[PDB]
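**Q** Protein chains in written order, with the authors' numbering: chain A, 512 to 547, 568 to 664; chain B, 514 to 547, 568 to 664; chain F, 514 to 547, 568 to 664; chain K, 1 to 107; chain E, 1 to 107; chain J, 1 to 52, 52A, 53 to 82, 82A to 82C, 83 to 100, 100A to 100G, 101 to 113; chain D, 1 to 52, 52A, 53 to 82, 82A to 82C, 83 to 100, 100A to 100G, 101 to 113; chain C, 31 to 60, 65 to 141, 150 to 185, 188 to 309, 312 to 321, 321A, 322 to 398, 411 to 505.
Just so it is clear, CB atoms sit at the ideal spot from N, CA and C, and this is done for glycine as well.
Below are the C-alpha cells for one structure; questions will follow.
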Amino acid sequence: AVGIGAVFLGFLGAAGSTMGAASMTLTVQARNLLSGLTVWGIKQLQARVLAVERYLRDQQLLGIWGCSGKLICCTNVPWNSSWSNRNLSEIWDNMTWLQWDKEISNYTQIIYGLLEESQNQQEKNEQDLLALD
Amino acid sequence: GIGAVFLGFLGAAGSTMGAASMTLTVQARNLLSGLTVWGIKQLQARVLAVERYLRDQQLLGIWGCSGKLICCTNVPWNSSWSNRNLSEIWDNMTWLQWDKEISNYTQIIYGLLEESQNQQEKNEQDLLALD
Amino acid sequence: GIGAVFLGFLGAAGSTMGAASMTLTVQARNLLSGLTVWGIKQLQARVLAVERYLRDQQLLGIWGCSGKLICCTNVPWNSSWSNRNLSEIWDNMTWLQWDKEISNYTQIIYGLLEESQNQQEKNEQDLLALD
Amino acid sequence: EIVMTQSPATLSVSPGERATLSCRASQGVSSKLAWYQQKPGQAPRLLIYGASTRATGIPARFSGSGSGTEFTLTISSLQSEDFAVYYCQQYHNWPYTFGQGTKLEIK
Amino acid sequence: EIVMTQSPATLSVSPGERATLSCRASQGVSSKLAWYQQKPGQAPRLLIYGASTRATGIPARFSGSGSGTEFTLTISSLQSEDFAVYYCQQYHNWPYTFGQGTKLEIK
Amino acid sequence: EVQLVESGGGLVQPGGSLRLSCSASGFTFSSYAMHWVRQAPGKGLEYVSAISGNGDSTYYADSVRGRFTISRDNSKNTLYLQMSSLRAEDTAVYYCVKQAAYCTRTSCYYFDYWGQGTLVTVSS
Amino acid sequence: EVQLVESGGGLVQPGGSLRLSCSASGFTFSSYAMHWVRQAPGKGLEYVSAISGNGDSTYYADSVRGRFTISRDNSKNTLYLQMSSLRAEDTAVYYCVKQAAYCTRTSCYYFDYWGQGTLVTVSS
Amino acid sequence: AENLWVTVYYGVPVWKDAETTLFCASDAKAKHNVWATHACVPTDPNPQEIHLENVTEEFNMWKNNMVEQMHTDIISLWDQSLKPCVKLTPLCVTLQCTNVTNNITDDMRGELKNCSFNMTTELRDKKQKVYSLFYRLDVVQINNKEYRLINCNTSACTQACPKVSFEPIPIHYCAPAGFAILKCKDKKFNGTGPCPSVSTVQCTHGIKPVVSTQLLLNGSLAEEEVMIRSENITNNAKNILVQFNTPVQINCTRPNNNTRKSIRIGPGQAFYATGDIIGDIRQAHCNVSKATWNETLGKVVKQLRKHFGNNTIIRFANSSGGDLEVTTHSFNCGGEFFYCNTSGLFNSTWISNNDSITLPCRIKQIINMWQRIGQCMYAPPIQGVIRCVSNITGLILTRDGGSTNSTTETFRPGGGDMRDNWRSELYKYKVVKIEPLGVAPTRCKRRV
Ligand SMILES: *[C@@H]1O[C@H](CO)[C@@H](O[C@@H]2O[C@H](CO)[C@@H](O[C@@H]3O[C@H](CO[C@H]4O[C@H](CO)[C@@H](O)[C@H](O)[C@@H]4O)[C@@H](O)[C@H](O[C@H]4O[C@H](CO)[C@@H](O)[C@H](O)[C@@H]4O[C@H]4O[C@H](CO)[C@@H](O)[C@H](O)[C@@H]4O)[C@@H]3O)[C@H](O)[C@H]2NC(C)=O)[C@H](O)[C@H]1NC(C)=O
Ligand SMILES: *[C@@H]1O[C@H](CO)[C@@H](O[C@@H]2O[C@H](CO)[C@@H](O[C@@H]3O[C@H](CO[C@H]4O[C@H](CO)[C@@H](O)[C@H](O)[C@@H]4O)[C@@H](O)[C@H](O[C@H]4O[C@H](CO)[C@@H](O)[C@H](O)[C@@H]4O)[C@@H]3O)[C@H](O)[C@H]2NC(C)=O)[C@H](O)[C@H]1NC(C)=O
Ligand SMILES: *[C@@H]1O[C@H](CO)[C@@H](O[C@@H]2O[C@H](CO)[C@@H](O[C@@H]3O[C@H](CO[C@H]4O[C@H](CO)[C@@H](O)[C@H](O)[C@@H]4O)[C@@H](O)[C@H](O[C@H]4O[C@H](CO)[C@@H](O)[C@H](O)[C@@H]4O)[C@@H]3O)[C@H](O)[C@H]2NC(C)=O)[C@H](O)[C@H]1NC(C)=O
Ligand SMILES: *[C@@H]1O[C@H](CO)[C@@H](O[C@@H]2O[C@H](CO)[C@@H](O[C@@H]3O[C@H](CO)[C@@H](O)[C@H](O)[C@@H]3O)[C@H](O)[C@H]2NC(C)=O)[C@H](O)[C@H]1NC(C)=O
Ligand SMILES: *[C@@H]1O[C@H](CO)[C@@H](O[C@@H]2O[C@H](CO)[C@@H](O)[C@H](O)[C@H]2NC(C)=O)[C@H](O)[C@H]1NC(C)=O
Ligand SMILES: *[C@@H]1O[C@H](CO)[C@@H](O[C@@H]2O[C@H](CO)[C@@H](O)[C@H](O)[C@H]2NC(C)=O)[C@H](O)[C@H]1NC(C)=O
Ligand SMILES: *[C@@H]1O[C@H](CO)[C@@H](O[C@@H]2O[C@H](CO)[C@@H](O)[C@H](O)[C@H]2NC(C)=O)[C@H](O)[C@H]1NC(C)=O
Ligand SMILES: *[C@@H]1O[C@H](CO)[C@@H](O[C@@H]2O[C@H](CO)[C@@H](O)[C@H](O)[C@H]2NC(C)=O)[C@H](O)[C@H]1NC(C)=O
Ligand SMILES: *[C@@H]1O[C@H](CO)[C@@H](O[C@@H]2O[C@H](CO)[C@@H](O)[C@H](O)[C@H]2NC(C)=O)[C@H](O)[C@H]1NC(C)=O
Ligand SMILES: *[C@@H]1O[C@H](CO)[C@@H](O[C@@H]2O[C@H](CO)[C@@H](O)[C@H](O)[C@H]2NC(C)=O)[C@H](O)[C@H]1NC(C)=O
Ligand SMILES: *[C@@H]1O[C@H](CO)[C@@H](O[C@@H]2O[C@H](CO)[C@@H](O)[C@H](O)[C@H]2NC(C)=O)[C@H](O)[C@H]1NC(C)=O
Ligand SMILES: *[C@@H]1O[C@H](CO)[C@@H](O[C@@H]2O[C@H](CO)[C@@H](O)[C@H](O)[C@H]2NC(C)=O)[C@H](O)[C@H]1NC(C)=O
Ligand SMILES: *[C@@H]1O[C@H](CO)[C@@H](O[C@@H]2O[C@H](CO)[C@@H](O)[C@H](O)[C@H]2NC(C)=O)[C@H](O)[C@H]1NC(C)=O
Ligand SMILES: *[C@@H]1O[C@H](CO)[C@@H](O[C@@H]2O[C@H](CO)[C@@H](O)[C@H](O)[C@H]2NC(C)=O)[C@H](O)[C@H]1NC(C)=O
Ligand SMILES: *[C@@H]1O[C@H](CO)[C@@H](O[C@@H]2O[C@H](CO)[C@@H](O)[C@H](O)[C@H]2NC(C)=O)[C@H](O)[C@H]1NC(C)=O
Ligand SMILES: *[C@@H]1O[C@H](CO)[C@@H](O)[C@H](O)[C@H]1NC(C)=O
Ligand SMILES: *[C@@H]1O[C@H](CO)[C@@H](O)[C@H](O)[C@H]1NC(C)=O
Ligand SMILES: *[C@@H]1O[C@H](CO)[C@@H](O)[C@H](O)[C@H]1NC(C)=O
Ligand SMILES: *[C@@H]1O[C@H](CO)[C@@H](O)[C@H](O)[C@H]1NC(C)=O
Ligand SMILES: *[C@@H]1O[C@H](CO)[C@@H](O)[C@H](O)[C@H]1NC(C)=O
Ligand SMILES: *[C@@H]1O[C@H](CO)[C@@H](O)[C@H](O)[C@H]1NC(C)=O
Ligand SMILES: *[C@@H]1O[C@H](CO)[C@@H](O)[C@H](O)[C@H]1NC(C)=O
C-alpha cells in the first residue's frame, strides 16, 4: 500500500500480477480514475461527462455497501461456495484480477444485492442499538 | 425474516415508513442510471442526474452522514415540526405522506444538522488535542 | 458561533481562522448549487463545478479525511512552512491571509498527507492480516 | 399487465415422441418464465424456472428454452404420466400472469 | 522504448578545464535522468540523480542540468581521476535505458 | 420435504365471509413470501394476494383488494386469507403457494411448492 | 557502507545453465528492489531483470524472459539469477544492482550502488 | 478458517474492451488549420507510459473503433473548416476555353485550358467578362469551344479559405479518465492476435492526418523490419498494408510560377483564379531514388514470401484501373492536390534468386475528398513554385485473384478507403474500460 521495495508503481502496473500482489497497489489505480463550437470541444465535453459518470458509478456502489472511503473493505456477507469453489491460496496466489473477473462475472449482481441488503440490515441494527441509550 | 415479495424502484412508496426503511438500497442504487436534437437531450439528462446525485451526497456529507443509509444525529426533534407520536409515524404513515408534512421545516432541520455536525467536528478536534 | 449575527456565503472571510472555522458548512453547501452555444457553455460551467467538487472530495478521500469538515492528520507541521505560534495563527489572522503565506508549501503538504495516509492504510492492512 | 399466450390450446402426442409447448408474452419478460404441470385433481408442480433451469427432482426429459417474448417447453421422451395441463408463468412484471394452459393428450 | 543518445561519443579535455557531456532522449523524461561514471575495470558509480541532485559523497565539481529532452553534465574542474565512461540513464518509462557512453580522455 | 395443506373452503352465500388456513412445514416459514393463487373452474390460474416473509407488506389483486385480507402467523407456520363480502366470481380453487426464492436485484415470484387447494363456492 | 559482491560467473557452453549470487550488506535488503544489469563487451549497460523488495514481483527483459529466473533470499541478504538455455549473445558482465529508493507516486529506478560484476562467457 | 466473507476491493487492475469518445491533444508549441488544433488540449511534454508486465492482450487493427472515430473526426473537421468559406455557385456558367500554348512542353500540352466567362459583379445588375486558367481535369466540354466545371452537374464547390492551412498537424488521441489506451509494444506484431508485450498510455503518439491513396507518406516506420499486415492474407479482396523500416524520400514539385488573380464575384466574396504562369510551363512530377526504391521493394518482396513461399515469382504491376483518385498516388502538397502516375514504381518481376524515378503528376482544383459525391471543394491557386519532400513510409497493395496453380503472384497499388491511412498508425492501440470495483473471498469479517 506504501510500496516498500517496489520496482515501480503505475496505473494498471500490477495487471499481470497475482491478486495478492496486486492488492497492495490499489492506491495507484484509485487516484487516477478522475483526473487521468468545434468538433474537438464537443468531444472533450463528452469525455469529461463520461469520466464523471464512470467515477460516480463505482463511488455510489461503495457508498451503499458501507465501504465509502475505503480501498479494502470487509463485509458481513459470507462467501457462497457456489460462486467459486477455489481455495484461498488458489485465488490470491495463482490468479490475477483479470482472470478473477472472468470467473465471478455471472455472480456479480447476486453479490452486489447481498452486500446492499447486508448494509441496510447493519444500519437498521445500529439504529436499534443506539436507540437503547 | 427476509421474505420480500418483490423489491423494485419505489416499490415501497405505498408502504409504511418503517417497512419502506428496509428498502433504502433499492432506491439508492437507481439514482445514477435507472449535435442532433436527441443528442443534446441525452447529454443534458446525464449532467442533470449527476448534479442531483451530487447535491444529495453533499448534503449527506456536511451532516456527518457520508456513506450511510440510516444516519443518527445529535439534533433533538422539535415538537413544533411534528407533534405526532413515534408509533403513528413509523407504522401509520408513508414516506410520501411524511414528506408533505415536514416541508415547511426542512430547511430549518438542514441548517440545524449542519451546525451540529460542525460543532461535533470542532469538539472532536478539541478532544484529540488533549491526547 | 452559538449565536451569530448572520451566517452567509464567505461571511467569515474576514474573521480569524478560529472564528471562521465554525462556519465551514456555510461555504461547503454553496459549492455545487448556483442547438446553441449558450446551452453548451452552460453545460461546460455545470460540468466544471461538478469536476471541481469531485476533485476536492477525492483529495479529502486519499488523505483519509473522507466526509469530514475538520480532519486531524498524522503529518507533523514543519516549522519551515510557517514559524507562527498557534495562538497567533488561530486568533490573529484570517484564512485568506493564511493561504497567501503557505501557498508555496501547499503541494508539499498535500503530498505528505497522501503518503502518510498510504502508510496508515498499510498499517491497517497488516494489522488486519495479523489477526 | 403482461398477457401470456399458450399455443396450441390442445396437443395430442403419442408416448415416446417429442412434444413442444410454446408460450408467448405480450411484451419481453427476459428469461423470467416458469413452467408448471397440473395433473387433474392435483396441485401444479414447478418444472422450469428461468426458462431453462430444471426444478429439483424434475427428470431430464423436460427441457425449456427461449428468452424475451418467445418461450418453448420440450418433452423429449413423452411418457404415460406426462398427461397434464402445462402453464407458463412470467415473473418479470407484477402482478405475475399465467398462460391459459396447454392440455397434453396421450394419442 | 526511450532511446538515450550521448554526444560526443568521445571527448578529450585537458585537466583543469570544464567538460560538458550531452545526453538526449527520444521522448521527454522530465527530470528522471541519472548520470553514472564507470572507471575501467570498475563498477559504475552514481553521480547525479534527478538530473540536478548530486549523489552523496560526490565532489561538487560534478554538476548536471537539463529537463525534458536535453540534459548536460558539467565537470567544472577536471582532474586526473576524472577519467571514465559517463552514462546517462532515464527512469521515466520502464524499462530504464542507458546512454551509449561518452568516453572521456585526458588531454 | 415441503408441505402446504389448505382448509376452510366450503359453501358460502354471496356477500358472506370465509377464512382459509394453510399450514406450511418443511422450510423456514418466515424467510419466504407466501401467495394465494386461485383457479376458477374452466379458467387458468390467476393471482389473488401475497404477503412477505415477516408480514409487513401484503399485496392484493384489483378484484379482491378491499375485500380480502391475507395474514400469516410465523410462530405457528400458518397462512390465512380472510374474505369478506364475497361475490359469485370469487368461486374457485384457492392454492396457498410458497415463493421459490427471495431476491433483491431481480424478480423471483416463481413458486417452489403448491398446496393441494381448497374449493370455495359462492352461490345462493 | 553498502557492499554488493557477485559470484558464479564463468565459462558455460551454449544451451547450458548458470546461477549467479549477490551478497548485499549495509542496508535493509528487504526494503529495496534489486536489478540485474549486463554490459556486453563493446556495448552499453542493458537491463536484464528486476525483483521487488519482498520478491513477490519480478520483471524480465524481452530477450531473457522465459529463460532467466531472478530470486532473492531476504533472510540471508542474497540475490540470485538463474540462467537456462543460454545463448551466444547472453555473454556479458552482469552487475547486481540496488535500486536507489522506493516511491508510490513517481519513478525512482536509479541505482545507488553497483556490484563489481561477474563475467559470463558462452562459447563452444 | 473454512468460513470466507466477501471483501470489496476498489482500484483492482481490471479492464474490458470498450468504445469511448477520444478527445484530441496537440503540442502547444504550434487558428488557420483545417484540423482545429487550437481547440485541442495541450499535450503532456513528458508522456507517461506504464509497462504492464505479464499482460497479454488481444489486438485487432482491422476492427479498431479508433480508426472509425478518427475518420469521422477528420471528415467533420474538413466540413467545419469549409463551412465559412466562399460558395462558388456563380462559377457554374458556360466557359469559352482555349488551349494554353505559351511556352508549353510536349508533355504539358492540352492540360491547361484558358477559359473566359461572364461572372457576377458586386452589383447584381452588372457582369464582368473575366478569364482563368483551368486544368483539363476540371473542365468538361458542353455537347465552338464551350466548357463547364466538372462539378456543375453534381454539386457546387466551396472554395477553400486561402488563409486556412492544410498541413497535417500531429493529433494525440486521449482517452477520458476511467478509460485507458493499451499500446502493443511488440516489434513483430502483425495487427491481430495476442500481443505478449503490452503497455498502457492515456494518449496516443502524434498521428498526422496525412491523406494519400497508394503510398503512405510521413508515417511511422517499423522498428525492426518491413511488416506486411492484412486482415486475411489468403483473401485477395483484402488490402495489404506494408510498413517500411526505413523511409523512401519523395520529392514532389510544381514547376510552374503560378499567379493568383482575385475576382470579386459578390459583396465581400472573392474567387481566386489562376492568372498566368510566369515563364515556361512544365509538368508536375515526383522523384524517388531508384536505388533506394529498389532496396525497399526487395525487402518488401523478401518479407512477402513468408506468406506465399520461397519459390514464388513476386511481380509488381501498376493499378488496374478506376477513377483518378484510386489509380494514382493522390496527395496534397502545400495546398495543391497532386495525382501522380506511379507506374514506374510498381513495375518489375522478382524471381526467387545514382539515378531517380520521375513520376508524372496531374493536378486538380475541384476536389472530391472522402469519396463523397455531391460535396466538392475548389482549392485556390498557390502563388509561386511548390516543392515538398516527404517519406514513403508504407504501401497499400492489392493481390490478383485467380491462382489456378499460380507460381507467380501479382501485387498492385490500391488506395480508396482512407481508413487504411489511419489504420497504419492506430494498429498498436486499443481502448479499454477500467473496472476498479472487485469482490473476492477473504477470512476478514466486518466488526459489529
Ligand atoms: C510530409 O512532411 C513534410 C515535412 O514535415 C512536408 O513538407 C513540408 O510542407 C510544408 C507545407 O507544404 C512546408 O511549409 C511551407 O513552406 C513554404 C516554403 O517556405 C520556405 O521559406 C520559408 C521562409 O519564408 C522557410 O521558413 C521554409 O523553411 C522554406 O524554406 C512556405 O511558403 C509555406 O508557407 C506558406 O503557406 C502556408 C500554408 O501552408 C501559409 O500558412 C504561410 O503563411 C505561407 O503562405 C504565404 O505564401 C503562400 C505561397 O507564396 C501564399 O499563397 C500565401 O498567401 C502567403 O503569402 C509553408 O510554410 C515545409 O517547408 C515542408 N518541409 C519540407 C522539409 O519540405 C510534406 O508536405 C508532408 N507531406 C504530406 C503529404 O503531407
Ligand atoms: C510475472 O509472472 C511471473 C511468473 O508468472 C512472476 O514471477 C514469479 O513470482 C513468484 C512470486 O509471486 C515466484 O514465486 C516465489 O518463488 C520463490 C523462489 O522460488 C525458487 O525457490 C523455491 C524454494 O524457496 C523453489 O521451490 C522454486 O522452484 C524456485 O526454485 C519462492 O521462495 C516463493 O515462495 C515463498 O512465497 C510463497 C508465496 O507465493 C509461499 O507460499 C512460500 O511458502 C514462500 O514463503 C514463491 O514461490 C515465482 O518463482 C516467479 N516465477 C518466475 C520468476 O518465473 C512475476 O512476479 C510476475 N510479475 C508481475 C509484475 O506480475
Ligand atoms: C398496503 O396497505 C395495506 C393496508 O394499508 C397493508 O396491509 C396491512 O399491513 C399491516 C402490516 O404491515 C397489517 O397490520 C398487521 O396485521 C397483522 C394481522 O392482523 C391481525 O391481527 C391484528 C392485531 O394483531 C388484528 O387487529 C387484525 O384484525 C388481524 O386479526 C398483525 O399481526 C400485525 O400486528 C403485529 O405487528 C404490528 C406492527 O405493524 C405490531 O404493532 C403489533 O403489536 C403486532 O406485533 C399488524 O397489525 C394490516 O392488517 C394490513 N391491512 C390489510 C391487509 O388490509 C399492506 O402491507 C400495504 N402494502 C404495501 C406494499 O405497502
Ligand atoms: C488567356 O487568354 C487571355 C485572353 O482571353 C489572354 O489575355 C489577353 O492577352 C492578349 C494578348 O496577349 C492581350 O492583348 C494585348 O494586351 C497588351 C497589353 O494591354 C497590348 O499591348 C497588346 O497590344 C494586346 O492588345 C490582352 O490584353 C489580354 N487580356 C485580355 C483581358 O484579353 C491571356 O494572356 C491568355 N493566357 C494564356 C496563358 O494563354
Ligand atoms: C487543344 O487541345 C485539345 C486537347 O489536346 C485538342 O483536342 C483533341 O486533342 C487530341 C490529341 O491531339 C486530338 O486527337 C483530337 O482530335 C482533339 N480534338 C479535336 C480536334 O476536336 C485540340 O485539338 C487542341 N486545339 C488546338 C487549336 O490546339
Ligand atoms: C458574355 O456575355 C456576352 C453578352 O452578355 C456574350 O457576348 C454575346 O454572345 C451572344 C451569343 O453568341 C451573341 O449573340 C452576342 O452578339 C454577344 N454580344 C457581345 C457584346 O459580345 C459573350 O459571349 C459571353 N462570354 C462568355 C459566355 O464567355
Ligand atoms: C456529370 O457529368 C459527367 C460528365 O458529363 C458524367 O460523367 C460521364 O457520364 C457518362 C454517362 O453516360 C459516361 O458515359 C461518361 O463516361 C462519364 N464521364 C466522366 C468523365 O465521368 C457524370 O455521370 C455526370 N453525373 C451526373 C450525376 O449526372
Ligand atoms: C523522413 O525521415 C528522415 C529520417 O531518415 C527524417 O529525418 C530525421 O528527422 C529527425 C526529426 O527531426 C531527426 O532527429 C533526424 O536527425 C533526421 N535524420 C535524417 C537522416 O534526416 C525526416 O524528418 C523525415 N521527414 C518527414 C517525416 O517528413
Ligand atoms: C480468408 O480467406 C479465405 C479465402 O477467401 C477463406 O477461405 C474460404 O472460406 C470460405 C468459407 O469459410 C470457403 O467457402 C472457401 O472455399 C475458402 N477458400 C479458401 C481458398 O480457403 C478463409 O476462411 C478466410 N479466413 C477467415 C478467418 O475468414
Ligand atoms: C527530378 O529529377 C529530374 C532529373 O531526372 C530533375 O530534372 C532535372 O532538373 C535539373 C535542375 O536544373 C536540370 O538541370 C535537368 O536538366 C533536369 N533533367 C531532366 C528534366 O531530365 C528534376 O528537377 C527533379 N525534380 C525534383 C528534385 O523535384
Ligand atoms: C515567380 O514570379 C515572380 C513574379 O511575379 C517573381 O518575383 C520577382 O522576383 C524578382 C527577384 O526577386 C524581383 O526582382 C521581382 O520584383 C519579383 N516580382 C514580383 C514579386 O512581382 C519570382 O521570383 C518568381 N519565382 C520563381 C521561382 O520563378
Ligand atoms: C530530394 O531533395 C533533397 C533536398 O531537398 C535532396 O537532398 C540533397 O541531395 C543532394 C544530392 O545531390 C545533396 O548534395 C544535399 O546535401 C541534400 N540535401 C539535403 C537537405 O538532404 C535529395 O537528394 C532529393 N532526393 C531525390 C530522390 O530527388
Ligand atoms: C498501367 O500501365 C499500362 C501499360 O503500361 C497502361 O496501359 C496503357 O495506357 C496508355 C494510355 O492510357 C495506352 O496508350 C496504352 O495502349 C496502354 N497499354 C496497355 C497494355 O494497356 C495503363 O494505363 C496504366 N494504368 C495506370 C492506372 O497508370
Ligand atoms: C503512366 O505512365 C505510363 C508510362 O510511364 C503510361 O503508359 C505508357 O503511356 C504511353 C502514352 O502516354 C504509351 O505510349 C506507352 O505505350 C505506355 N506504356 C509504357 C510506356 O510502358 C501510362 O499510360 C500512364 N498512366 C496514365 C493514367 O496515363
Ligand atoms: C516497365 O518496365 C518495362 C521493363 O523493365 C519497361 O519496358 C522497357 O522500357 C525501356 C525504356 O523505354 C525499353 O528500352 C525496353 O525495350 C522496354 N522493354 C520492354 C517493353 O520489354 C517499361 O518502360 C516500364 N514502364 C514504365 C517505367 O513506365
Ligand atoms: C457464465 O454464464 C454463461 C451464460 O449462462 C455461461 O455460458 C458460462 O459458462 C458461465 N461461466 C461461468 C464461469 O459460470
Ligand atoms: C406550509 O406553508 C404553506 C405556505 O406558508 C401553508 O399554506 C401550509 O398550510 C403550511 N403547512 C404546514 C404543514 O406547515
Ligand atoms: C522542513 O523542510 C525543509 C525544506 O523546506 C527541510 O530542509 C527540513 O528538513 C524539514 N524539517 C522537518 C522537521 O520536516
Ligand atoms: C513564495 O515563493 C515566491 C517565489 O516563488 C517568493 O517570492 C515568496 O516570497 C514566497 N512566499 C513565502 C516564502 O511566504
Ligand atoms: C497474424 O498473426 C496471428 C498470430 O500469430 C496469426 O494467427 C495470423 O494468421 C497472422 N495474420 C497474417 C500473417 O496475415
Ligand atoms: C534491385 O536489386 C536486386 C538485388 O541487388 C537486383 O537483382 C535488381 O536487378 C535490382 N533492381 C533493378 C536494378 O531495377
Ligand atoms: C525460406 O528461406 C528462409 C531463409 O532465407 C528460411 O528461413 C525459410 O525456412 C525458408 N522457407 C521455406 C518454406 O523453405
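Find the residues of chain A that neighbour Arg503(C), judging by a C-beta separation of less than 7 Å, and give them in chain order.
**A** By Cβ distance, chain A contributes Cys605, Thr606 and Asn607.
**Q** Considering only residues of the same chain and omitting the five flanking positions on each side of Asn339(C), which have a CB-CB separation below 7 Å?
**A** Closer than 7 Å at Cβ, skipping near neighbours: no residue.
**Q** Would you kindly work out how many angstroms separate the C-alpha atoms of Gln42(E) and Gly54(D), rounded to a whole number?
**A** If I take the Cα positions, the gap works out to 28 Å.
**Q** What whole-angstrom Cβ distance do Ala204(C) and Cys119(C) have, given they're in contact under 8 Å?
**A** Correct: roughly 6 Å between the Cβ atoms.
**Q** Within 8 Å of any Cβ in chain E, is that where the Cβ of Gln105(D) sits?
**A** By this cut-off, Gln105(D) is an interface position.
**Q** Measure the CB-CB distance between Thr606(A) and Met530(A) and report whether it falls below 8 Å.
**A** No, Cβ-Cβ distance for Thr606(A) and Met530(A) is not below 8 Å.
**Q** Measuring only between beta-carbons, confirm whether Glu275(C) sits less than 8 Å from chain D.
**A** False, the Cβ-Cβ gap to chain D never drops below 8 Å.
**Q** Find out if the Cβ-Cβ distance for the pair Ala55(C), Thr569(A) is shorter than 8 Å.
**A** No, the Cβ-Cβ distance between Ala55(C) and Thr569(A) is not below 8 Å.
**Q** Measuring only between beta-carbons, confirm whether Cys100D(D) sits less than 8 Å from chain E.
**A** Yes - at least one Cβ of chain E is within 8 Å of the one on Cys100D(D).
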